[PDB]
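Colleague: Encoded as structure tokens, here's the structure I'll be asking about.
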Protein chains: 4
Amino acid sequence: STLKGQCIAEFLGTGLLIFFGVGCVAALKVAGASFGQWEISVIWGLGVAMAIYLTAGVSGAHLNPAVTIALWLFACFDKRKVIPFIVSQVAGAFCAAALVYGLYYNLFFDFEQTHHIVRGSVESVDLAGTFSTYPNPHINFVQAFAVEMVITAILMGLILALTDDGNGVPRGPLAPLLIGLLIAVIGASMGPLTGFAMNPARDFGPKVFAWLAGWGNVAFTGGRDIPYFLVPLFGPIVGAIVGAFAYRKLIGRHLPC
Amino acid sequence: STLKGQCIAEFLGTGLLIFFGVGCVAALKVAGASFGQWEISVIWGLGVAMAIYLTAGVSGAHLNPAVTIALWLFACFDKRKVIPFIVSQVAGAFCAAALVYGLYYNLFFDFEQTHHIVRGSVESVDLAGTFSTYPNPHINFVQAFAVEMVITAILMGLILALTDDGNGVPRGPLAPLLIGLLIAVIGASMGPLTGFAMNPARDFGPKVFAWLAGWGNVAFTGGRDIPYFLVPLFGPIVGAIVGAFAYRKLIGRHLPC
Amino acid sequence: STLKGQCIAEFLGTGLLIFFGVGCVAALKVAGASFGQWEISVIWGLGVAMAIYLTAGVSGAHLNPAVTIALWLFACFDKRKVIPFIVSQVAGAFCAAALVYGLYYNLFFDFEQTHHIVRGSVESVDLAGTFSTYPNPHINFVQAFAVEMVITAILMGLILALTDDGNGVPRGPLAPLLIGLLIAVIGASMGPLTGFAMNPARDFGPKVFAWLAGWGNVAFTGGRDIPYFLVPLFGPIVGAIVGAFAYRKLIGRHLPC
Amino acid sequence: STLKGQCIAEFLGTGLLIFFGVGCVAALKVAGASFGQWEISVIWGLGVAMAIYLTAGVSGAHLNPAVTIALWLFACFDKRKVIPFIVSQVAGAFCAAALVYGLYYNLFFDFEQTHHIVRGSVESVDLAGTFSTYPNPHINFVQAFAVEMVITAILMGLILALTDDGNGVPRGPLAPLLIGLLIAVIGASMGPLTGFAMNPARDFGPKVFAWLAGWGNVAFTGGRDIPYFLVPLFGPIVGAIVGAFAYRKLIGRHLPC
């Protein structure tokens with residue numbers, strides 16, 4: 001497939017997983033749906049598994065800038081398609097957040113009117129957590145960064161263990177379901193800490209939309225002195241690089257390139 | 001298989017998925033069972049997956065008028081079997097709703113007696129939601145129509161990605177489980193909005209039964225000025241056509257016909 | 001395999017599914033565990049799937065007198081092994097109920113002491129529901145019988161659709177998981193009605209143990225004028241025969257014998 | 001693979017399953033996450049399934065001293081690699097418990113400050129249950145020992161039924177998912193009794209860490225006159241040996257050695 005077709009798949013695949021994940025969080029927050037921590041995590045995992053299955057044949061189903069960067073550095077992914085893949089992934093997450101917000105538009109404004117929440121204030125960060133992840137109030141910036149690095153390193157280890165070539169997830173039903181199951185257990189055990197972002201596009205995209213939607217600066221900072229948005233922007237990237245290096249050293253599986 | 005055998009499978013397959021889905025909603029409403037949003041959605045997805053597996057060999061396991069119409073327009077489905085398939089699907093959903101109502105007959109009347117609900121009134125629409133879907137009170141007709149179009153377009157995209165021929169779901173365990181998993185995540189994220197109908201037969205059939213059972217006109221209108229029953233009647237049909245067109249343009253996979 | 005080895009597998013397989021199913025109900029009742037209707041049903045389905053996988057190679061993994069009888073009448077199952085299979089299935093369920101009761105012995109007596117429940121009275125039927133199924137208070141004997149016939153007919157239809165020969169469930173992972181998934185959705189939608197017994201051994205076995213354990217006559221009658229134990233004893237048997245006949249007429253798939 | 005590579009896989013595989021399992025229990029206890037008994041058990045099962053899949057090719061994916069000992073006695077596992085496997089498994093569980101504690105460090109101390117819990121006292125055993133298992137207050141030492149023996153015998157029976165050689169779990173997706181599903185149903189039905197340890201390393205490792213972390217002697221004794229830590233240390237070992245012997249007698253499947 002050409003670069004244009006590969007970029008469209010990454011745009012659509014990332015948007016698909018954001019549509020399911022953010023939509024279910026919106027249902028729990030403003031629609032009054034009853035969702036447990038395991039239920040929320042299994043929706044994210046199954047949504048990513050479905051997005052991977054529908055895009056693996058075309059673009060390799062990266063849907064993650066951290067995965068794209070690590071595959072370039074520790075596999076056979078071409079460097080010329082790194083930047084277009086990341087922009088497509090970020091744009092897909094931004095567009096899907098707008099779509100979810102449009103469908104839940106009336107329920108969002110009803111929630112603020114009931115609880116007298118003024119959008120853009122510190123108390124509005126809880127409602128801003130529908131689109132992006134925010135840390136537990138008891139953890140700090142360094143603790144939040146460590147969580148993102150660890151969970152993304154585990155995720156990148158499974159991806160490297162599943163790839164046949166060095167380009168991305170192989171075709172078939174086995175690989176997407178394994179990745180989706182890993183995301184579900186990660187979000188159940190480490191989710192209450194940092195929102196198990198594991199994806200720079202999954203967080204930065206919806207964060208930009210929330211800033212445009214009226215939340216303003218608290219969408220990026222999250223109400224903390226140190227802007228929290230750096231944790232999901234670089235934590236997964238460092239974690240994926242660390243996890244990919246560990247796999248290449250403890251196993252060192254051969255690759256075509 | 002002949003047309004008569006294919007129509008029987010569509011009648012039975014659609015009835016099977018309504019039996020599981022409506023029965024579980026009845027358990028949550030009048031039987032006091034504890035069910036979450038994810039639990040309700042996963043029951044609908046697994047019920048459809050089982051119905052597809054038991055009917056794929058005979059009739060292709062459409063079980064959806066929107067899927068049948070879209071396959072006729074954008075695949076190799078014959079036009080002569082479009083009308084008999086739709087009537088069989090609608091009749092199967094109507095008959096299964098009567099069966100569920102018969103088994104829960106005593107629990108239904110006990111619920112109305114306890115809460116002094118008069119069947120056929122505006123307050124009885126909540127009990128009428130056991131059989132068919134009704135919108136969130138905060139959303140409007142246009143918003144409800146947009147939800148149905150989006151979710152059915154995603155569902156039709158997966159079906160077109162799984163079909164080997166242009167007639168319906170292929171035989172095997174992989175395709176029904178993928179469709180069932182997609183229905184579960186759709187109902188978890190967009191379910192609290194419009195009941196994730198995605199199926200004109202799943203809604204119109206039980207709606208006709210509820211009108212006969214004593215709910216009257218509120219079974220179709222739902223208590224709104226604009227009759228809500230048009231949203232699940234045509235929303236999925238438009239969504240499936242839109243989703244099928246997008247797949248044929250962004251991918252354009254070859255078909256035997 | 002010889003008859004002796006086949007009977008041991010049916011004894012162990014039926015005991016395995018009772019151990020998981022009754023144990024989880026005991027956890028919900030006397031151990032204070034939080035379990036939903038979908039959670040209870042999925043435990044029964046997965047337990048049966050595991051029991052089928054461990055016994056399919058030896059005895060065909062019947063684990064159900066209704067399935068054994070229907071396979072004799074509408075498939076190639078030998079009539080000489082019908083009686084020993086049923087006795088092995090009933091004995092396995094009885095022995096597994098005693099094992100679960102032994103492990104939960106202290107928690108059972110603590111529950112009665114706290115709530116002043118005298119074993120053998122009408123109020124003790126709720127605690128007797130740990131081992132066997134009892135009807136919803138609002139349904140009658142005829143309504144309860146109809147529920148058991150319908151759900152067992154659906155279960156027998158899937159089994160006949162999966163068998164390669166006419167002896168039982170084939171080897172492999174596909175068939176047990178399909179049966180387990182069907183049991184889970186059946187118990188979620190029709191479970192709150194009659195306990196989704198679907199198995200004469202699953203009910204009669206533990207019912208005999210509960211009578212020996214001190215519950216007495218209310219273990220069989222359930223507090224009703226008509227003894228409720230006839231519903232799970234013959235309802236599944238009639239339902240399996242009806243469901244097997246429907247499959248042989250609407251499909252008529254060829255069999256070796 | 002050499003012994004050094006096999007020991008690294010057992011260290012990492014055991015740490016991976018402890019990271020998911022203990023982390024989710026920490027989320028339920030100190031992070032306020034909503035988790036049911038089935039949800040907790042399915043996280044343990046899926047975490048073990050993922051750990052088995054990532055280590056089966058190298059070391060056979062034992063991740064259990066009871067499984068390692070039983071495979072040595074009733075299969076073709078070499079005796080020279082029994083001790084290094086057990087030490088690697090115990091060290092992996094100890095290290096993973098420290099990692100989970102580090103990530104939840106602030107939430108742990110906040111919980112004690114709110115409830116005035118002094119670490120090392122009898123009331124602190126409830127918080128010490130995050131890392132290791134402790135019995136139900138109504139059961140005794142003998143009852144707790146019987147639970148561990150029974151559940152580990154069932155687990156060892158499935159493992160022996162899945163092994164092609166006599167070294168460990170075979171490669172592929174089927175075997176790890178079957179083991180993970182069995183662990184989930186075991187933890188749902190027998191979990192509220194003894195914490196469904198089934199693994200000497202899963203319990204002893206985190207128990208040693210909890211003693212170092214400040215809980216002291218109550219980490220091992222659990223507040224009982226007879227130290228409870230002997231139940232998960234030897235109960236699974238006896239259960240695995242008993243279960244392996246039963247499989248070799250009731251089936252007697254041939255092995256290469």
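Within each chain, counting starts at residue 1; across the structure tokens, chains are named A, B, ... in the order shown, with ligands numbered 1 upward in that order.
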Can you list every residue in segment 11-243 of chain A that DSSP puts in helix (DSSP H, G or I), as number ranges by chain?
Modeller: A: 11-29, 37-59, 65-74, 79-103, 105-115, 125-128, 141-162, 174-189, 191-194, 200-215, 218-221, 230-243
Colleague: Please list as JSON, numbers by chain every residue within 12 Å of residue 83 of chain B, counting only C-alpha atoms and excluding residues in the same chain fewer than 2 positions away.
Modeller: {"B": [3, 7, 65, 66, 68, 69, 72, 77, 78, 79, 80, 81, 85, 86, 87, 88, 89, 90]}
Colleague: Go ahead and write the selection's residues with N, CA and C atoms as a PDB file, in the first residue's frame.
Modeller:
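Saved to result26.pdb:
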```pdb
ATOM      1  N   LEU B   3     -34.918 -20.768  -1.179  1.00  0.00           N
ATOM      2  CA  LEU B   3     -35.387 -19.549  -0.530  1.00  0.00           C
ATOM      3  C   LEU B   3     -36.166 -19.863   0.741  1.00  0.00           C
ATOM      4  N   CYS B   7     -35.160 -18.418   4.365  1.00  0.00           N
ATOM      5  CA  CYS B   7     -36.058 -17.555   5.125  1.00  0.00           C
ATOM      6  C   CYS B   7     -36.323 -18.102   6.521  1.00  0.00           C
ATOM      7  N   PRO B  65     -32.153  -6.107   8.587  1.00  0.00           N
ATOM      8  CA  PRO B  65     -32.597  -5.515   7.315  1.00  0.00           C
ATOM      9  C   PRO B  65     -31.625  -4.493   6.754  1.00  0.00           C
ATOM     10  N   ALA B  66     -30.948  -3.731   7.615  1.00  0.00           N
ATOM     11  CA  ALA B  66     -29.952  -2.778   7.139  1.00  0.00           C
ATOM     12  C   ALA B  66     -28.777  -3.489   6.479  1.00  0.00           C
ATOM     13  N   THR B  68     -28.961  -6.510   5.100  1.00  0.00           N
ATOM     14  CA  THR B  68     -29.486  -7.115   3.880  1.00  0.00           C
ATOM     15  C   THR B  68     -29.581  -6.094   2.751  1.00  0.00           C
ATOM     16  N   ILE B  69     -30.048  -4.884   3.060  1.00  0.00           N
ATOM     17  CA  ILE B  69     -30.185  -3.854   2.035  1.00  0.00           C
ATOM     18  C   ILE B  69     -28.816  -3.404   1.536  1.00  0.00           C
ATOM     19  N   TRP B  72     -27.195  -5.927  -0.748  1.00  0.00           N
ATOM     20  CA  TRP B  72     -27.786  -5.906  -2.081  1.00  0.00           C
ATOM     21  C   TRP B  72     -27.198  -4.786  -2.931  1.00  0.00           C
ATOM     22  N   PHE B  77     -25.401  -9.666  -3.280  1.00  0.00           N
ATOM     23  CA  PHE B  77     -26.666 -10.208  -2.802  1.00  0.00           C
ATOM     24  C   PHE B  77     -27.757 -10.007  -3.847  1.00  0.00           C
ATOM     25  N   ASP B  78     -28.549 -11.052  -4.080  1.00  0.00           N
ATOM     26  CA  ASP B  78     -29.611 -10.982  -5.075  1.00  0.00           C
ATOM     27  C   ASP B  78     -30.751 -10.097  -4.586  1.00  0.00           C
ATOM     28  N   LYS B  79     -31.339  -9.338  -5.513  1.00  0.00           N
ATOM     29  CA  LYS B  79     -32.426  -8.435  -5.155  1.00  0.00           C
ATOM     30  C   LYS B  79     -33.734  -9.180  -4.925  1.00  0.00           C
ATOM     31  N   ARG B  80     -33.890 -10.369  -5.514  1.00  0.00           N
ATOM     32  CA  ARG B  80     -35.141 -11.103  -5.373  1.00  0.00           C
ATOM     33  C   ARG B  80     -35.354 -11.628  -3.961  1.00  0.00           C
ATOM     34  N   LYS B  81     -34.286 -11.814  -3.190  1.00  0.00           N
ATOM     35  CA  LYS B  81     -34.385 -12.313  -1.828  1.00  0.00           C
ATOM     36  C   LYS B  81     -34.276 -11.209  -0.786  1.00  0.00           C
ATOM     37  N   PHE B  85     -36.268 -11.786   2.923  1.00  0.00           N
ATOM     38  CA  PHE B  85     -35.352 -11.761   4.059  1.00  0.00           C
ATOM     39  C   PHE B  85     -35.804 -10.765   5.116  1.00  0.00           C
ATOM     40  N   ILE B  86     -36.247  -9.579   4.693  1.00  0.00           N
ATOM     41  CA  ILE B  86     -36.645  -8.548   5.645  1.00  0.00           C
ATOM     42  C   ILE B  86     -37.895  -8.969   6.406  1.00  0.00           C
ATOM     43  N   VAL B  87     -38.879  -9.535   5.703  1.00  0.00           N
ATOM     44  CA  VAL B  87     -40.109  -9.972   6.358  1.00  0.00           C
ATOM     45  C   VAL B  87     -39.819 -11.090   7.351  1.00  0.00           C
ATOM     46  N   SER B  88     -38.935 -12.021   6.980  1.00  0.00           N
ATOM     47  CA  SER B  88     -38.549 -13.085   7.900  1.00  0.00           C
ATOM     48  C   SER B  88     -37.842 -12.528   9.128  1.00  0.00           C
ATOM     49  N   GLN B  89     -36.966 -11.539   8.935  1.00  0.00           N
ATOM     50  CA  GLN B  89     -36.268 -10.933  10.064  1.00  0.00           C
ATOM     51  C   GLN B  89     -37.234 -10.199  10.986  1.00  0.00           C
ATOM     52  N   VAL B  90     -38.188  -9.464  10.411  1.00  0.00           N
ATOM     53  CA  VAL B  90     -39.141  -8.714  11.223  1.00  0.00           C
ATOM     54  C   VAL B  90     -40.069  -9.660  11.975  1.00  0.00           C
TER      55      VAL B  90
END
```
Colleague: Kindly provide, as an MDAnalysis selection string, the residues of chain D having any atom no farther than 10 Å from an atom of chain A, counting only C-alpha atoms.
Modeller: chainID D and resid 5 8:9 16 19:28 31:36 39:40 42:47 49:50 53:54 58 99:100 102:110 172:173
Colleague: Determine, counting only C-alpha atoms, which protein, DNA and RNA residues have an atom within 10 Å of an atom of residue 57 of chain B; residues of the same chain fewer than 4 positions away are not included. Present the result as a PyMOL selection string.
Modeller: chain B and resi 1+6+9+52-53+61+168-172
Colleague: How many Å separate atom CA of residue 232 of chain B from atom CA of residue 247 of chain B?
Modeller: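 Interatomic distance here is 22.3 Å.
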Colleague: I'd like the interatomic distance between atom CA of residue 96 of chain B and atom CA of residue 18 of chain B, to a tenth of an Å.
Modeller: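 Interatomic distance here is 5.9 Å.
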Colleague: Skipping near chain neighbours, those fewer than 2 positions away, what residues fall within 12 Å of residue 248 of chain B using only C-alpha atoms, listed as a list in words?
Modeller: residues 70, 71, 73, 74, 75, 156, 157, 160, 161, 241, 242, 243, 244, 245, 246, 250, 251, 252, 253, 254 and 255 of chain B
Colleague: Please identify all polymer residues within 12 Å of residue 118 of chain B, counting only C-alpha atoms, omitting same-chain residues fewer than 3 positions from it, and present them as a ChimeraX atom specification.
Modeller: /B:108-115,121-128,214-216
Colleague: Residues of the last selection are to be written out with N, CA and C atoms, as a PDB file, in the first residue's frame.
Modeller:
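Result file part-v1.pdb:
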```pdb
ATOM      1  N   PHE B 108     -44.159  -9.029  34.891  1.00  0.00           N
ATOM      2  CA  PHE B 108     -44.507  -7.749  34.287  1.00  0.00           C
ATOM      3  C   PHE B 108     -45.689  -7.109  35.002  1.00  0.00           C
ATOM      4  N   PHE B 109     -46.741  -7.889  35.260  1.00  0.00           N
ATOM      5  CA  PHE B 109     -47.929  -7.341  35.904  1.00  0.00           C
ATOM      6  C   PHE B 109     -47.675  -7.003  37.367  1.00  0.00           C
ATOM      7  N   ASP B 110     -46.782  -7.742  38.028  1.00  0.00           N
ATOM      8  CA  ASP B 110     -46.425  -7.420  39.406  1.00  0.00           C
ATOM      9  C   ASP B 110     -45.702  -6.081  39.490  1.00  0.00           C
ATOM     10  N   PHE B 111     -44.854  -5.777  38.503  1.00  0.00           N
ATOM     11  CA  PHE B 111     -44.137  -4.506  38.497  1.00  0.00           C
ATOM     12  C   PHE B 111     -45.094  -3.325  38.380  1.00  0.00           C
ATOM     13  N   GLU B 112     -46.084  -3.425  37.492  1.00  0.00           N
ATOM     14  CA  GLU B 112     -47.038  -2.332  37.323  1.00  0.00           C
ATOM     15  C   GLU B 112     -47.902  -2.150  38.563  1.00  0.00           C
ATOM     16  N   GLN B 113     -48.306  -3.252  39.198  1.00  0.00           N
ATOM     17  CA  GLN B 113     -49.131  -3.157  40.398  1.00  0.00           C
ATOM     18  C   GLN B 113     -48.374  -2.492  41.541  1.00  0.00           C
ATOM     19  N   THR B 114     -47.082  -2.798  41.676  1.00  0.00           N
ATOM     20  CA  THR B 114     -46.293  -2.218  42.758  1.00  0.00           C
ATOM     21  C   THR B 114     -46.120  -0.715  42.582  1.00  0.00           C
ATOM     22  N   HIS B 115     -45.805  -0.269  41.368  1.00  0.00           N
ATOM     23  CA  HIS B 115     -45.519   1.134  41.100  1.00  0.00           C
ATOM     24  C   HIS B 115     -46.720   1.895  40.553  1.00  0.00           C
ATOM     25  N   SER B 121     -49.665   4.716  29.187  1.00  0.00           N
ATOM     26  CA  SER B 121     -49.423   6.101  29.550  1.00  0.00           C
ATOM     27  C   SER B 121     -47.975   6.479  29.243  1.00  0.00           C
ATOM     28  N   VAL B 122     -47.627   7.736  29.526  1.00  0.00           N
ATOM     29  CA  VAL B 122     -46.266   8.205  29.284  1.00  0.00           C
ATOM     30  C   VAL B 122     -45.286   7.507  30.221  1.00  0.00           C
ATOM     31  N   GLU B 123     -45.682   7.305  31.479  1.00  0.00           N
ATOM     32  CA  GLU B 123     -44.817   6.628  32.438  1.00  0.00           C
ATOM     33  C   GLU B 123     -44.599   5.161  32.092  1.00  0.00           C
ATOM     34  N   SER B 124     -45.458   4.573  31.261  1.00  0.00           N
ATOM     35  CA  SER B 124     -45.295   3.181  30.864  1.00  0.00           C
ATOM     36  C   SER B 124     -44.254   2.991  29.768  1.00  0.00           C
ATOM     37  N   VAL B 125     -43.729   4.077  29.196  1.00  0.00           N
ATOM     38  CA  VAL B 125     -42.699   3.956  28.167  1.00  0.00           C
ATOM     39  C   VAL B 125     -41.434   3.340  28.743  1.00  0.00           C
ATOM     40  N   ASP B 126     -41.145   3.611  30.018  1.00  0.00           N
ATOM     41  CA  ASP B 126     -39.984   3.003  30.660  1.00  0.00           C
ATOM     42  C   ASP B 126     -40.098   1.482  30.680  1.00  0.00           C
ATOM     43  N   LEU B 127     -41.288   0.961  30.987  1.00  0.00           N
ATOM     44  CA  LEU B 127     -41.496  -0.482  30.929  1.00  0.00           C
ATOM     45  C   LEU B 127     -41.544  -0.984  29.492  1.00  0.00           C
ATOM     46  N   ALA B 128     -41.993  -0.146  28.555  1.00  0.00           N
ATOM     47  CA  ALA B 128     -41.979  -0.511  27.144  1.00  0.00           C
ATOM     48  C   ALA B 128     -40.573  -0.574  26.567  1.00  0.00           C
ATOM     49  N   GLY B 214     -50.726  -3.770  24.750  1.00  0.00           N
ATOM     50  CA  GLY B 214     -51.506  -2.846  25.547  1.00  0.00           C
ATOM     51  C   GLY B 214     -50.873  -1.486  25.740  1.00  0.00           C
ATOM     52  N   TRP B 215     -49.648  -1.307  25.245  1.00  0.00           N
ATOM     53  CA  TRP B 215     -48.990  -0.011  25.370  1.00  0.00           C
ATOM     54  C   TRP B 215     -49.558   1.011  24.395  1.00  0.00           C
ATOM     55  N   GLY B 216     -50.083   0.563  23.258  1.00  0.00           N
ATOM     56  CA  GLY B 216     -50.768   1.482  22.367  1.00  0.00           C
ATOM     57  C   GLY B 216     -49.808   2.349  21.576  1.00  0.00           C
TER      58      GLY B 216
END
```
